[PDB]
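Text of coords-v8.tsv, listed as TSV, C-alpha atoms and all ligand atoms:
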chain	number	residue	atom	x	y	z
M	50	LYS	CA	89.15	134.52	87.97
M	51	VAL	CA	91.36	132.38	90.31
M	52	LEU	CA	90.45	131.56	93.90
M	53	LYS	CA	93.44	130.63	96.13
M	54	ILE	CA	93.61	129.48	99.74
M	55	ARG	CA	96.91	128.71	101.49
M	56	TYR	CA	98.14	127.16	104.72
M	57	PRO	CA	99.66	128.57	106.89
M	58	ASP	CA	99.26	132.06	105.38
M	59	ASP	CA	95.49	132.14	105.69
M	60	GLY	CA	95.58	130.54	109.16
M	61	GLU	CA	95.34	126.95	110.33
M	62	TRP	CA	91.90	126.41	108.69
M	63	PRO	CA	91.90	127.93	105.15
M	64	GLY	CA	88.70	127.46	103.15
M	65	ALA	CA	86.52	129.30	100.66
M	66	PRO	CA	83.31	129.00	98.66
M	67	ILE	CA	83.22	128.43	94.88
M	68	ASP	CA	80.39	130.69	93.75
M	69	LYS	CA	80.86	131.21	90.04
M	70	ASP	CA	77.67	133.19	89.48
M	71	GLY	CA	78.34	135.35	92.59
M	72	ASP	CA	74.81	134.66	93.87
M	73	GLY	CA	75.76	133.96	97.51
M	74	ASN	CA	75.02	130.21	97.33
M	75	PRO	CA	78.26	128.29	96.62
M	76	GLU	CA	78.27	125.44	94.11
M	77	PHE	CA	81.07	123.79	96.09
M	78	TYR	CA	83.24	124.64	99.10
M	79	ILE	CA	87.01	123.97	99.41
M	80	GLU	CA	89.01	123.40	102.57
M	81	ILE	CA	92.71	122.57	103.04
M	82	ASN	CA	91.51	120.83	106.21
M	83	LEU	CA	94.82	119.80	107.84
M	84	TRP	CA	92.68	118.91	110.76
M	85	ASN	CA	95.19	116.71	112.60
M	86	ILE	CA	98.35	118.79	112.04
M	87	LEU	CA	99.56	120.70	115.09
M	88	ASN	CA	102.64	122.13	113.37
M	89	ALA	CA	104.57	121.65	110.15
M	90	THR	CA	107.05	123.48	107.99
M	91	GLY	CA	106.18	124.20	104.43
M	92	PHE	CA	102.81	124.95	102.90
M	93	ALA	CA	99.66	123.71	101.28
M	94	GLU	CA	97.79	125.69	98.60
M	95	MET	CA	94.57	125.08	96.72
M	96	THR	CA	93.63	127.04	93.64
M	97	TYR	CA	90.48	127.03	91.59
M	98	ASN	CA	90.43	128.59	88.21
M	99	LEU	CA	86.86	129.78	87.71
M	100	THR	CA	87.72	130.36	84.08
M	101	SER	CA	88.30	126.28	83.48
M	102	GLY	CA	86.93	124.81	86.70
M	103	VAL	CA	90.32	123.14	87.44
M	104	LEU	CA	90.97	122.65	91.12
M	105	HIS	CA	94.67	122.15	91.86
M	106	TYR	CA	96.08	121.20	95.24
M	107	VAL	CA	99.83	121.46	96.03
M	108	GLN	CA	101.19	120.38	99.38
M	109	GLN	CA	104.77	120.39	100.67
M	110	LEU	CA	104.78	119.73	104.39
M	111	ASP	CA	107.71	118.67	106.55
M	112	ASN	CA	108.52	118.43	110.24
M	113	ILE	CA	104.90	117.31	110.77
M	114	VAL	CA	103.65	117.04	114.37
M	115	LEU	CA	100.11	115.77	114.82
M	116	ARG	CA	97.36	117.05	117.15
M	117	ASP	CA	96.44	113.54	118.20
M	118	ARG	CA	98.38	110.48	116.89
M	119	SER	CA	95.38	108.22	117.63
M	120	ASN	CA	93.46	109.91	114.82
M	121	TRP	CA	96.02	108.35	112.40
M	122	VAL	CA	95.74	110.55	109.32
M	123	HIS	CA	97.01	114.13	109.10
M	124	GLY	CA	94.25	115.85	107.16
M	125	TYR	CA	91.70	115.69	104.35
M	126	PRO	CA	92.15	118.54	101.82
M	127	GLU	CA	88.86	118.49	99.98
M	128	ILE	CA	86.01	119.94	98.00
M	129	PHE	CA	82.43	119.33	99.01
M	130	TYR	CA	78.79	119.85	98.12
M	131	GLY	CA	76.04	120.21	100.75
M	132	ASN	CA	76.41	121.10	104.42
M	133	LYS	CA	79.65	119.92	106.07
M	134	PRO	CA	78.46	119.13	109.64
M	135	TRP	CA	81.70	119.99	111.42
M	136	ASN	CA	81.57	123.73	110.67
M	137	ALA	CA	79.46	126.55	109.25
M	138	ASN	CA	80.59	125.92	105.64
M	139	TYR	CA	78.13	124.84	102.95
M	140	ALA	CA	77.42	124.73	99.25
M	141	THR	CA	73.87	124.20	98.03
M	142	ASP	CA	73.83	125.58	94.46
M	143	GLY	CA	73.38	122.22	92.63
M	144	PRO	CA	70.79	119.74	91.38
M	145	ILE	CA	70.72	117.38	94.38
M	146	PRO	CA	68.94	118.89	97.46
M	147	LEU	CA	71.43	118.19	100.26
M	148	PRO	CA	70.85	117.95	103.12
M	149	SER	CA	67.88	115.60	102.70
M	150	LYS	CA	66.55	112.68	104.69
M	151	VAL	CA	67.77	109.44	103.19
M	152	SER	CA	64.14	108.20	102.94
M	153	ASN	CA	63.38	111.24	100.70
M	154	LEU	CA	66.39	111.50	98.52
M	155	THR	CA	66.76	110.23	94.97
M	156	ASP	CA	69.68	108.12	93.93
M	157	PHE	CA	72.31	109.95	91.94
M	158	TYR	CA	75.50	109.30	89.98
M	159	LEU	CA	78.63	111.04	91.17
M	160	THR	CA	81.22	111.63	88.40
M	161	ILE	CA	84.70	112.90	89.18
M	162	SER	CA	87.60	113.61	86.79
M	163	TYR	CA	90.92	113.79	88.62
M	164	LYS	CA	94.61	112.98	88.79
M	165	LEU	CA	96.59	112.15	91.92
M	166	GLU	CA	100.34	112.53	92.45
M	167	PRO	CA	101.46	111.59	95.98
M	168	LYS	CA	105.23	111.85	96.29
M	169	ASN	CA	107.77	109.51	97.87
M	170	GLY	CA	105.34	106.80	98.97
M	171	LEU	CA	103.11	109.08	101.07
M	172	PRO	CA	100.14	106.99	102.37
M	173	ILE	CA	96.97	108.47	100.87
M	174	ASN	CA	93.48	107.77	99.72
M	175	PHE	CA	91.08	109.52	97.37
M	176	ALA	CA	87.92	109.28	99.34
M	177	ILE	CA	84.38	110.47	98.92
M	178	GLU	CA	82.46	110.79	102.14
M	179	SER	CA	79.12	111.68	103.57
M	180	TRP	CA	77.89	112.32	107.08
M	181	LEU	CA	74.43	111.16	108.14
M	182	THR	CA	72.95	113.14	111.04
M	183	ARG	CA	69.77	113.21	113.07
M	184	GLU	CA	69.15	116.95	112.38
M	185	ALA	CA	68.76	118.50	109.06
M	186	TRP	CA	71.45	121.23	109.24
M	187	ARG	CA	74.15	120.12	111.73
M	188	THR	CA	77.18	122.44	112.23
M	189	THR	CA	78.69	121.29	115.56
M	190	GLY	CA	80.01	117.77	114.92
M	191	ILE	CA	78.78	114.23	115.10
M	192	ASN	CA	77.13	112.03	117.80
M	193	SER	CA	77.32	108.37	118.60
M	194	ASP	CA	74.00	107.48	116.87
M	195	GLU	CA	75.12	108.88	113.53
M	196	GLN	CA	77.19	107.65	110.58
M	197	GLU	CA	80.24	108.49	108.47
M	198	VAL	CA	80.33	106.73	105.09
M	199	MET	CA	83.47	106.73	102.98
M	200	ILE	CA	84.11	105.50	99.46
M	201	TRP	CA	87.79	105.15	98.59
M	202	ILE	CA	88.45	104.99	94.83
M	203	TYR	CA	92.21	105.20	95.29
M	204	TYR	CA	94.48	104.28	98.14
M	205	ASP	CA	98.09	103.44	98.84
M	206	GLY	CA	99.34	102.55	102.26
M	207	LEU	CA	96.10	103.29	104.23
M	208	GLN	CA	93.59	100.91	105.74
M	209	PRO	CA	90.08	102.03	106.79
M	210	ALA	CA	89.27	102.12	110.50
M	211	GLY	CA	87.75	99.05	112.12
M	212	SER	CA	87.49	95.57	110.68
M	213	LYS	CA	86.61	94.07	107.31
M	214	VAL	CA	83.00	93.00	106.94
M	215	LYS	CA	82.58	91.79	103.38
M	216	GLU	CA	83.24	92.51	99.69
M	217	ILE	CA	80.52	93.86	97.39
M	218	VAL	CA	80.22	94.43	93.69
M	219	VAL	CA	79.28	97.90	92.47
M	220	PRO	CA	78.72	98.73	88.79
M	221	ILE	CA	80.76	101.84	88.06
M	222	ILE	CA	82.10	103.62	84.98
M	223	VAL	CA	85.88	104.04	84.59
M	224	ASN	CA	87.27	106.10	81.73
M	225	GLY	CA	84.00	105.79	79.83
M	226	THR	CA	83.66	102.00	80.18
M	227	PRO	CA	81.01	100.41	82.52
M	228	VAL	CA	82.71	97.90	84.73
M	229	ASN	CA	81.85	95.75	87.72
M	230	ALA	CA	84.21	96.76	90.57
M	231	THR	CA	84.73	95.21	93.96
M	232	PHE	CA	84.81	97.19	97.19
M	233	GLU	CA	85.81	95.88	100.63
M	234	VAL	CA	83.34	97.02	103.28
M	235	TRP	CA	84.88	98.06	106.63
M	236	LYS	CA	83.00	99.04	109.81
M	237	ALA	CA	84.26	100.82	112.97
M	238	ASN	CA	82.91	102.62	116.04
M	239	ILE	CA	85.05	105.75	116.48
M	240	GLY	CA	82.64	108.05	118.38
M	241	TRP	CA	80.01	107.38	115.68
M	242	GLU	CA	79.46	104.48	113.27
M	243	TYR	CA	82.01	104.43	110.42
M	244	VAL	CA	81.49	102.46	107.19
M	245	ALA	CA	84.13	102.57	104.46
M	246	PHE	CA	84.09	101.06	100.97
M	247	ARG	CA	87.62	100.51	99.72
M	248	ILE	CA	88.00	99.64	96.04
M	249	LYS	CA	90.18	96.62	95.44
M	250	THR	CA	91.61	98.04	92.23
M	251	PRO	CA	92.68	101.63	93.00
M	252	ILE	CA	92.21	104.24	90.29
M	253	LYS	CA	94.93	106.92	90.45
M	254	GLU	CA	93.62	109.16	87.66
M	255	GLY	CA	90.81	109.41	85.08
M	256	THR	CA	87.05	109.84	85.08
M	257	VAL	CA	85.02	107.72	87.42
M	258	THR	CA	81.20	107.50	87.92
M	259	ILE	CA	79.69	105.77	90.86
M	260	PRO	CA	76.00	105.20	91.85
M	261	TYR	CA	75.78	106.70	95.33
M	262	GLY	CA	72.84	104.63	96.51
M	263	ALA	CA	74.76	101.33	96.01
M	264	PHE	CA	76.96	102.47	98.91
M	265	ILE	CA	74.34	104.09	101.14
M	266	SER	CA	72.09	101.00	100.80
M	267	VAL	CA	74.86	98.74	102.05
M	268	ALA	CA	75.79	101.18	104.82
M	269	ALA	CA	72.12	101.12	105.89
M	270	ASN	CA	71.92	97.35	105.73
M	271	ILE	CA	74.98	96.74	107.88
M	272	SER	CA	74.29	99.58	110.30
M	273	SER	CA	73.71	99.07	114.04
M	274	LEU	CA	72.01	102.50	114.23
M	275	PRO	CA	68.25	102.77	114.96
M	276	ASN	CA	65.91	104.46	112.46
M	277	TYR	CA	68.56	104.70	109.82
M	278	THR	CA	66.32	106.08	107.07
M	279	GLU	CA	65.39	109.09	109.22
M	280	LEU	CA	69.04	110.32	109.02
M	281	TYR	CA	69.95	113.23	106.78
M	282	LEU	CA	72.61	112.82	104.12
M	283	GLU	CA	74.34	116.14	104.88
M	284	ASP	CA	76.93	116.38	102.14
M	285	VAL	CA	79.25	114.73	99.60
M	286	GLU	CA	82.93	115.50	100.28
M	287	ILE	CA	85.81	114.60	97.91
M	288	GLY	CA	89.43	114.76	99.02
M	289	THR	CA	92.58	112.91	100.00
M	290	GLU	CA	93.26	111.65	103.47
M	291	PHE	CA	97.05	111.35	103.93
M	292	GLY	CA	99.67	110.35	106.40
M	293	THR	CA	100.11	107.97	109.31
M	294	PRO	CA	101.53	108.59	112.81
M	295	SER	CA	105.01	107.69	111.36
M	296	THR	CA	104.83	110.13	108.54
M	297	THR	CA	106.84	113.30	109.08
M	298	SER	CA	107.00	114.62	105.49
M	299	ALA	CA	103.99	114.76	103.13
M	300	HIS	CA	104.37	116.05	99.59
M	301	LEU	CA	101.30	115.64	97.39
M	302	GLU	CA	99.76	117.24	94.33
M	303	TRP	CA	96.39	116.59	92.74
M	304	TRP	CA	93.86	118.02	90.30
M	305	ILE	CA	90.08	117.68	89.97
M	306	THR	CA	88.60	118.98	86.64
M	307	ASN	CA	84.94	118.04	87.03
M	308	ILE	CA	82.46	116.99	89.68
M	309	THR	CA	78.90	116.25	88.56
M	310	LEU	CA	75.96	114.89	90.53
M	311	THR	CA	73.24	113.41	88.25
M	312	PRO	CA	69.82	112.56	89.70
M	313	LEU	CA	68.26	109.17	88.90
M	314	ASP	CA	64.60	108.47	89.05
M	315	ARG	CA	64.74	105.94	91.84
M	316	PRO	CA	65.13	106.04	95.67
M	317	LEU	CA	68.57	106.34	97.19
M	318	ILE	CA	68.00	103.30	99.36
M	319	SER	CA	67.02	100.00	97.82
V	1	CA	CA	76.21	130.22	93.19

Here is the file; what I need is its structure written in the form of C-alpha cells.
Ligand SMILES: [Ca+2]
Amino acid sequence: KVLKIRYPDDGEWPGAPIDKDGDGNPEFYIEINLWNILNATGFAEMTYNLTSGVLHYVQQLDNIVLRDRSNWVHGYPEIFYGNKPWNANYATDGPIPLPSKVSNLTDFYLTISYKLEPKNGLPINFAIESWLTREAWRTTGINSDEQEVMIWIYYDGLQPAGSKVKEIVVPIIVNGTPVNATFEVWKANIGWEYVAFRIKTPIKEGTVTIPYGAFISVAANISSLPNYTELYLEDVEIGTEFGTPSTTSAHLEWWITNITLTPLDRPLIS
C-alpha cells in the first residue's frame, strides 16, 4: 500500500516504479535524483500511497557538497512518465505512447495537482521536462544534436541556463479557470540544446493544466537542431530542481496528488 524510497539509506540513486495493477509496466517512475550531490548530512524520502495516489517528498539536507559546481543545481527529485534517457528506468502504462517521434505524436494536456513548500528561501523550481533524442529508446544520456525542454510553473531564486529569447503567451488552466499566461523562453547550449519556458507568474500550489504542444512547437521553431521533427519525445518528467553553488542547506517538502495526460485530436507540433 505505500511505496517508500530514501536517500541515503537506499544508496545514492534511490528510485522505484509505481505499478498499481502489478502488471510489470509502471504507470510512473519516481527518483530522488540528487544527481549533483557528492555528500550531505540528513535525508530525502519520497513516499507514494497507492491507496490515494498522493506522492509526498520530504528533504532535509545539510552540509551539502556538490559533484560539480558548474552544474549549478543540486538535484531534481521527480516523477516521470515515458523513458528517462539517462538510465534504464521507464513507465509506459498510460494513454500517451511515449517515446514517439514528434512528427507522429498527438498533442496532449498535462494536468498536475500539487503543493510546494521550500523552506528558508531555498532556490527551487517546479519544472516539467522532456528529452528529445535521435533514437527511440535512449538509456545512455544525451548528445549535442538533441534537446532538453523545460517548463517551469513555479520558481524562486533560479534562472534557466543560457539567455532570454522572448516571451510567449500560452493558454493554460489554473485552479479550474482558463487563463492566458506568459512564459519567458530561454535557450542555452550545455552539451545539447536547452530550451526553458519560465512562467512569469509562479504558481506555488493548486491544479494546473498546460497544452504540451504549445511548448514543443516553440522549442522546434527556435531550435538550431537539424531535422527536429524526427526527434523522439522520450518522456515527461515532473520535479523540483533546487539549490545553487552557494547553497549548503536544502530543506523542502512537496506533494503531488494527480498527474493526468489527456490526448487531443491534433498534432503535437503546429
Ligand atoms: Ca502497470

Find the nearest atom pair between each residue of chain M and ligand CA 1 (chain V) for residues within 9 Å, count all atoms listed in the file, give distances in Å to one decimal, sort rows by chain and ascending number, and present the table as JSON lines.
{"residue": "M:67", "atom": "CA", "partner": "V:CA1", "partner_atom": "CA", "distance": 7.4}
{"residue": "M:68", "atom": "CA", "partner": "V:CA1", "partner_atom": "CA", "distance": 4.2}
{"residue": "M:69", "atom": "CA", "partner": "V:CA1", "partner_atom": "CA", "distance": 5.7}
{"residue": "M:70", "atom": "CA", "partner": "V:CA1", "partner_atom": "CA", "distance": 5.0}
{"residue": "M:71", "atom": "CA", "partner": "V:CA1", "partner_atom": "CA", "distance": 5.6}
{"residue": "M:72", "atom": "CA", "partner": "V:CA1", "partner_atom": "CA", "distance": 4.7}
{"residue": "M:73", "atom": "CA", "partner": "V:CA1", "partner_atom": "CA", "distance": 5.7}
{"residue": "M:74", "atom": "CA", "partner": "V:CA1", "partner_atom": "CA", "distance": 4.3}
{"residue": "M:75", "atom": "CA", "partner": "V:CA1", "partner_atom": "CA", "distance": 4.4}
{"residue": "M:76", "atom": "CA", "partner": "V:CA1", "partner_atom": "CA", "distance": 5.3}
{"residue": "M:77", "atom": "CA", "partner": "V:CA1", "partner_atom": "CA", "distance": 8.6}
{"residue": "M:140", "atom": "CA", "partner": "V:CA1", "partner_atom": "CA", "distance": 8.3}
{"residue": "M:141", "atom": "CA", "partner": "V:CA1", "partner_atom": "CA", "distance": 8.1}
{"residue": "M:142", "atom": "CA", "partner": "V:CA1", "partner_atom": "CA", "distance": 5.4}
{"residue": "M:143", "atom": "CA", "partner": "V:CA1", "partner_atom": "CA", "distance": 8.5}

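Distances from M:295, M:162, M:155, M:120 to residue 239 of chain M were compared using only C-alpha atoms, and the smallest one belongs to M:120.
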
List as number ranges by chain the residues having at least one atom at most 6 Å from position (99.9, 125.0, 108.9) as given in the file, counting all atoms listed in the file.
M: 56-57, 61, 88-89

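For the pair atom CA of residue 176 of chain M and atom CA of residue 50 of chain M, the interatomic distance is 27.7 Å.
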
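Closest approach to residue 293 of chain M from the set M:208, M:196, M:82, M:100 is made by M:208, with distances taken over all atoms listed in the file.
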
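Counting only C-alpha atoms, the residue from M:128, M:65, M:103, M:313 that sits nearest to residue 284 of chain M is M:128.
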
First collect every listed atom of segment 116-130 of chain M; then fit an axis-aligned box around them, widen it by 6 Å on each side, and give centre and edge lengths in Å to one decimal, as JSON.
{"center_x": 88.6, "center_y": 114.1, "center_z": 108.1, "size_x": 31.6, "size_y": 23.7, "size_z": 32.2}

So that I can check the surroundings of residue 51 of chain M, please list as a PyMOL selection string every protein, DNA and RNA residue that reaches within 9 Å of it, counting all atoms listed in the file and ignoring chain neighbours fewer than 6 positions away.
chain M and resi 96-100
